[PDB]
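Chains A and B supply the protein sequences, listed in that same order. Under the UniProt record's numbering, the letters of the first sequence match residues 252 to 291, 302 to 449, in that order. Under the UniProt record's numbering, the letters of the second sequence match residues 253 to 447, in that order. The beta carbon of each residue, even a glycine, is placed where N, CA and C say it ideally should be.
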Amino acid sequence: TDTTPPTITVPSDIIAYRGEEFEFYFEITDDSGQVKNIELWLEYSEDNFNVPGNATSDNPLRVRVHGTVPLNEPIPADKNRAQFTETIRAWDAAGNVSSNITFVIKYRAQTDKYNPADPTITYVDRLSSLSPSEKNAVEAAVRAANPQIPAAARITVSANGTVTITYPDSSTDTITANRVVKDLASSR
Amino acid sequence: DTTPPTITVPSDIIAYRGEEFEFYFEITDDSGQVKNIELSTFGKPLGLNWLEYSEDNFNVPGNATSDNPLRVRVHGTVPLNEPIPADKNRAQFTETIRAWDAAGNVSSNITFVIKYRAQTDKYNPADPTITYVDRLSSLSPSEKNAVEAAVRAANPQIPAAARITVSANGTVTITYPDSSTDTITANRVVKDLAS
Ligand SMILES: [Ca+2]
Ligand SMILES: [Ca+2]
Ligand SMILES: [Ca+2]
Ligand SMILES: [Ca+2]
Ligand SMILES: [Ca+2]
């Protein structure tokens with residue numbers, strides 16, 4: 252008679268960024284070789310659930326879980342609190358449910374993930390007052406040099422040529438003017 | 253040859269700062285040939301170095317007949333920082349043109365006016381398709397990207413050098429190369445998603 256609850260393997264360093272989809276896998280085994288169901302804004306497919314031989318020791322049950330931390334999820338300055346502590350249960354066909362097993366989802370601002378590369382230099386007439394065409398060229402050069410930042414991020418250019426990269430979660434990066442623009446006359 | 257050539261005086265031109273324009277003269281003399289022309293501006297004793305004319309087909313015989321005259325291509329661009337006087341009646345240049353034939357007759361001077369205006373006076377931007385935002389009081393970075401892309405996609409005639417900015421409320425500012433602006437109010441641009 253089966254009286255042994257299933258065993259759950261959880262990943263340990265799940266880190267996510269706001270507005271960006273993440274994925275990870277649970278691994279569940281039972282001595283009978285069969286796992287009936289599990290219990291946890303996180304999505305996963307119940308395919309191959311409650312099938313004989315779906316959770317052997319050779320081939321554990323792999324539950325691909327995916328979700329997205331909300332773009333505007335507040336992040337405390339004490340980044341050890343910027344995490345979700347959640348639990349997962351699982352039971353076999355005999356009706357033996359495992360204990361509550363913890364997995365941690367730590368969420369961070371998008372600027373923690375991205376370090377923007379400097380663009381090719383744009384030559385301007387006045388370092389203190391960029392024209393509209395020069396600002397367009399600055400934004401295009403920053404975007405072309407940074408294909409790894411999301412397309413939904415907004416790049417703005419100030420009068421002195423300073424670049425502000427506002428990511429979809431409203432976090433920011435800054436590129437100073439002397440990494441972006443140069444006086445046209447002093448270079449000729 | 254005793255009588256001077258005749259120049260068909262062109263219509264007055266409305267030019268915009270940063271926008272290239274062009275037009276044509278037409279000159280006719282008895283000999284059929286015209287040597288050179290003179291282009292000067294009243295109040296500008298050194299002329300306009302941004303207003304050019306083509307010296308093509310000049311002085312060659314048969315270029316200025318009554319049936320086939322000499323068409324001179326005059327082109328130029330008003331500078332981006334050309335000051336626009338508050339009295340727009342003074343925001344214009346009065347040109348004058350003389351023409352020599354092969355012999356040496358000079359024509360009477362014909363005059364025409366080049367009125368220059370801000371670059372925004374040429375453009376009346378079309379409204380974009382509505383961008384649905386989460387909060388009219390604070391647009392997201394992606395919502396402003398969609399607004400700018402929608403305004404740019406609906407206005408291919410607006411110069412690519414013009415910069416489109418989006419405020420926190422969806423107000424669109426189109427800044428043209430000469431720093432003149434167009435404005436598209438938020439009610440024509442964005443809407444809240446819940447409604
Ligand atoms: Ca069991
Ligand atoms: Ca960063
Ligand atoms: Ca003559
Ligand atoms: Ca306008
Ligand atoms: Ca832009």
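Neighbourhood of residue i by C-beta, 8 Å cutoff - its chain only, sequence neighbours within 5 removed
| i | result |
| --- | --- |
| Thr363(A) | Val261, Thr346, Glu347, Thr348 |
| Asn357(B) | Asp253, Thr254, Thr255, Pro256, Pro257, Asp281 |
| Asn309(A) | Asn315, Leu322 |
| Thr317(B) | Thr280, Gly284 |
| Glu304(B) | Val326, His327, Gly328 |
| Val399(A) | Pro380, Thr383, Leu391, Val418, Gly422, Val424, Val441, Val442 |
Straight-line Cα distance separating residue j from residue i
| i | j | result |
| --- | --- | --- |
| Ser360(B) | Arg350(B) | 7 Å |
| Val324(A) | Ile265(A) | 15 Å |
| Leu322(B) | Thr383(B) | 54 Å |
| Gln409(B) | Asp373(A) | 40 Å |
| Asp339(B) | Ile336(A) | 56 Å |
| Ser390(A) | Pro393(B) | 24 Å |
| residue 207(B) | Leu445(B) | In this structure chain B extends from 253 to 447, so residue 207(B) is not present and cannot be described. |
| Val330(B) | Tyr375(A) | 44 Å |
| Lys443(A) | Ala354(B) | 52 Å |
| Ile289(A) | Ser306(A) | 11 Å |
| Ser419(A) | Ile436(A) | 11 Å |
| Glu334(B) | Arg269(B) | 7 Å |
| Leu300(B) | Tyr368(B) | 13 Å |
| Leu291(A) | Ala412(B) | 52 Å |
| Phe277(B) | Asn397(B) | 47 Å |
| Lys296(B) | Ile259(B) | 22 Å |
| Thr293(B) | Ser447(A) | 34 Å |
First through last residue of the beta strand (DSSP E) which encompasses residue i
| i | result |
| --- | --- |
| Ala267(A) | 265-268 |
| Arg323(B) | Counting along the chain, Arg323(B) falls outside any beta strand (DSSP E), and DSSP gives it neither H nor E. |
| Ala351(B) | 344-353 |
| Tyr276(B) | 273-276 |
| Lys287(B) | 286-293 |
| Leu303(A) | 303-305 |
| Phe364(B) | 362-369 |
| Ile416(B) | 415-418 |
| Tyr384(A) | 383-385 |
| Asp444(A) | 442-444 |
| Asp308(B) | Run containing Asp308(B): none; DSSP gives neither H nor E here. |
| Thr258(A) | 258-260 |
| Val424(B) | 424-427 |
First and last residue of the uninterrupted alpha helix (DSSP H) at residue i
| i | result |
| --- | --- |
| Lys396(A) | 393-406 |
Cβ-based neighbour list, residue i, same chain, cut-off 7 Å, excluding 5 preceding and 5 following
| i | result |
| --- | --- |
| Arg404(A) | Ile416 |
| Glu395(B) | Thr383, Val385 |
| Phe275(A) | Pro262, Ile265, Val326 |
| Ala402(B) | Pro380, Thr381, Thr383 |
| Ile366(A) | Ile265, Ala267, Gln344, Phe345, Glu347 |
| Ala414(A) | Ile426, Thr427, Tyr428, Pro429 |
| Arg449(A) | none |
| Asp319(B) | none |
| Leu332(A) | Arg269, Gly270, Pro429, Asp430 |
| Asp434(B) | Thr372, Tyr375, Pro377, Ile426 |
Chain-order list of residues whose beta-carbon lies under 6 Å from that of residue i (same chain, five-residue window excluded)
| i | result |
| --- | --- |
| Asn407(A) | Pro377, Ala378 |
| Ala370(B) | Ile336, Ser432 |
| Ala438(B) | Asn421, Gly422, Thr423 |
| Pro313(A) | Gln285 |
| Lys287(B) | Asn311, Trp352, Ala354 |
Give me every residue whose Cβ sits closer than 6 Å to any heavy atom of ligand 6, in chain order. Of the ligands one can find in the structure shown, namely ligand 1, ligand 2, ligand 3, ligand 4 and ligand 5, none is ligand 6.
Short of 7 Å Cβ to Cβ, which residues in the stretch 393-418 of chain B face chain A? Taking 7 Å as the Cβ-Cβ cut-off, the stretch 393-418 of chain B approaches chain A at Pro393, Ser394, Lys396, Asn397, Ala413, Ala414, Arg415, given in chain order.
Chain-ordered list of residues that sit, by beta carbon, closer than 6 Å to a heavy atom of ligand 5: Listed along the chain, these residues meet the criterion: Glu400(A), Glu400(B).
Kindly provide the chain-ordered list of residues whose Cβ lies closer than 7 Å to any non-hydrogen atom of ligand 1. Taken from the N-terminal end onward, the list reads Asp253(A), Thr255(A), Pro256(A), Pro257(A), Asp281(A), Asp282(A), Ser283(A), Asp353(A), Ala355(A), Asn357(A).
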